[PDB]
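Two forms of the same protein chain are encoded below as structure tokens; each is given separately, as structure 1 and structure 2.
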Structure 1
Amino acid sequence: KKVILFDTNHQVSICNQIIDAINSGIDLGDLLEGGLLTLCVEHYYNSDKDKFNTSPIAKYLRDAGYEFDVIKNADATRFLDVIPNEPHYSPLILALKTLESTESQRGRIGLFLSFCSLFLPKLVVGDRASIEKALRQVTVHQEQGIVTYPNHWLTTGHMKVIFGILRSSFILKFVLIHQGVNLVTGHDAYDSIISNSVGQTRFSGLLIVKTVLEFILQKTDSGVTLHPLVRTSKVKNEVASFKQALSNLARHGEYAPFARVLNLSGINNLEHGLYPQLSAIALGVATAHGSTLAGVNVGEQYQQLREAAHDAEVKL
């Protein structure tokens, strides 16, 4: 998986044109993520390739099989100048010369990346949810006065384009999430928007499983341990599979809360539907405290254990 970075002495203009093509809905094909990575690199490392290659982001991406193939040009002022002559890029090129040049402005790259970041909290849910959420966030930050997005970015078509770009692109998601988490707390509005989005993205797609896990746990000053009902013979397989899925998730470390969004490996079975009995136990224990588990419906077959879990928690 070869990622092409574009290297010129007109990086800002090239980048803004990559944003032009992306926003136009033009399919960049196998250059998409390469283009995206260039943007990120121009933004966070000011196109210093040596500073990037030694970064945790490049570290991780290389550790995940990505190979960086830099295309040095310069004198190239135009994204069109930079695409290989190779004929499987013919339609791309054909579309790109129909591109209007919005003269490169300052902060438009950060503008773009923050916009993208607003789609993250509900990305795994779907386009409707991700986009609705994005719009509500847009109005939030707008009325904060911290940032104003162009209104034509708010049409449903354009936001479907962006949603798509995030879906297809692993690198974009990873860079935005990594920087959301690790980038400090300076004086760049876009970094704080991205940070806020990533903060709202934590455990996206994994909150039900998380809370079920929370509620089959038992606080004892002898450490902390599993619920006794969890340790019956009927629930010997659910606990096995759950422990295994949880280990797989745990592999991903600090990226574990974002593992569903980034589509990380090992998450197949981290889906509460597969664990009815543990869900029953957790909902019981939850009820006994008043609060409840959102998104968890116990079918008849496990209603008994549900009360079995319920009453016993109230007698404690």
Structure 2
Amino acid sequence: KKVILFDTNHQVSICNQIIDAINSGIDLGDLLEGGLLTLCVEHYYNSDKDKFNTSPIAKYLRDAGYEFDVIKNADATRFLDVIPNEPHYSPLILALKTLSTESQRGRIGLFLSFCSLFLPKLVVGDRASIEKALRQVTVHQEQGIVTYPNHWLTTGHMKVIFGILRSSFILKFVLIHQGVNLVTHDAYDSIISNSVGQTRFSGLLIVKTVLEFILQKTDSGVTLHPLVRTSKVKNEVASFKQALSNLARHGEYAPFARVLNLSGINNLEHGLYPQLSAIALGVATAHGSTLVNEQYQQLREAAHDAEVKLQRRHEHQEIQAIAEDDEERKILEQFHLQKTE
């Protein structure tokens, strides 16, 4: 799994032409992954081969099977110059000798920040990811921290970027890494970080709802929600615990295992835990979280109705316990008033 790196002295110009090809719907084919990596290496590392080779992104990507082969051509200006010659790359070279204007360096991180907006709903598909990206474009452009060209905001262009991000593990990984590991930091980073944050457990909301509502760590032990203590659901809990432990091996990248297609995700499908999912969703909705789900609809409604009653019991009990501690205080204060009297 080799991926091409283009190294020249006219990097900003070469990079914008890769964006130009992508934006025009030119199919880069089996050169797309290296076209995208060059952008990421240009944006975050100034095309410094030494600075990138020692970075955490390059070390993880090598842990995933990638090996890089740089194509030095420092005397090159146009993206066509670094495309190797072959009648296989000739159809690409044809479309590159066709179709914009030289742009700023900012366009590179403008482009990457635009891609990150598709991450929160990427695993759902074409429509949800684009409808959410447009929602975030308004938020950021209302914030006034960014403005995107209007020709980037048409359905036909945002469909291109969805497909580009969907097929690129490198592009998805780089954005997720930079978004989890923000440091001391432009606001291309803050958009990517906010996008990556909204992507946590995308395609893994069963994990999220169980962790938030069903399981809770204590000192010591991991306790079960009362509605779950039952023979049939207890085995789904055992299987969920096993499967969730498998994702833990990915570390900080575990909440993005569905986005990144990490090893161990087929065991964490909501179908594998029908009862545990319905109860967890029952309990989630009782607090006002989020909804696809009727063979388990009565299980979910019963869990919702029980959880409302249980939380109200917990609130009432917690108030009475404080009152009982206070009555004790008044007796001890009457005690100290009476013993010196």
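Take the two forms, find the largest set of C-alpha atoms that superpose within 1.5 Å, and that set is the rigid core. FYI, numbering is relative to structure 1, first residue = 1.
After superposition on the rigid core, the single residue among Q142, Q218, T156, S168 whose C-alpha moves by 2 Å or more between structure 1 and structure 2 is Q218.
Taking 2 Å as the criterion, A308 counts as shifted between structure 1 and structure 2: its C-alpha moves by at least this amount when the rigid core is aligned. Once you line up the core between structure 1 and structure 2, the Cα of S233 ends up 2 Å or more from where it was.
In a rigid-core overlay of the protein, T287 has its C-alpha displaced by at least 2 Å between structure 1 and structure 2. Taking the core as reference, the Cα of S24 moves 0.8 angstrom between structure 1 and structure 2.
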